[PDB]
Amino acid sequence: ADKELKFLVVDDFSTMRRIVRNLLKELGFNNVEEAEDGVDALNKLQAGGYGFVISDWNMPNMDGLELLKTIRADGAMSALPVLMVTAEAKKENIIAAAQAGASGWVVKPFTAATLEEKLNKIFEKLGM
C-alpha cells in the first residue's frame, strides 16, 4: 500500500489512460506511466521499477491476456499484480485470465472508490 508504487496503465484509448491516471492520483498514487498496447507495456516494464499493472483486456497487437501471460513467464516481473480492465464481465474471460494469473478485474466505467476496493483486495490477497 505504498503511495509511491509505480503503476503502468495499459490501454489503447488515451482518454481511458488519463481517467485511470486521475483516479490513481486521487487515491494518492502519483507514480503512473502509460502504455498503449501489450508490446508497448513490455518495452516499458523492461526498464523496471514497476509495481502494479492496470491493463485493458482488449488491445490491438498484444491484448491484455497475452500481456499477462508474458509478464507471468518473465523471470523478473512474474509477480507483478495485474488488474484487468474490461467493459463487460464474461465468465470465460475471467476464467482465462484467472489461469494466466490476473490479479483481479474491474469493469469500466468505474469510480475511484471501486478502483480502491480493487487495489485494496489485491494488496491483501498478496499479503501486501
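So that there is no doubt, residue numbering starts at 1 and follows the sequence shown.
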property	result
Higher-scoring stretch by recorded Cα B factor average, 54 to 62 or 82 to 90	82 to 90
Given 29 to 37 and 43 to 51, the range whose Cα B-factors average higher in the PDB entry	43 to 51
Most elevated Cα B-factor in the entry, residues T111, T15, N22, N120	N120
Record-listed C-alpha B factor of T70: chain third	lowest
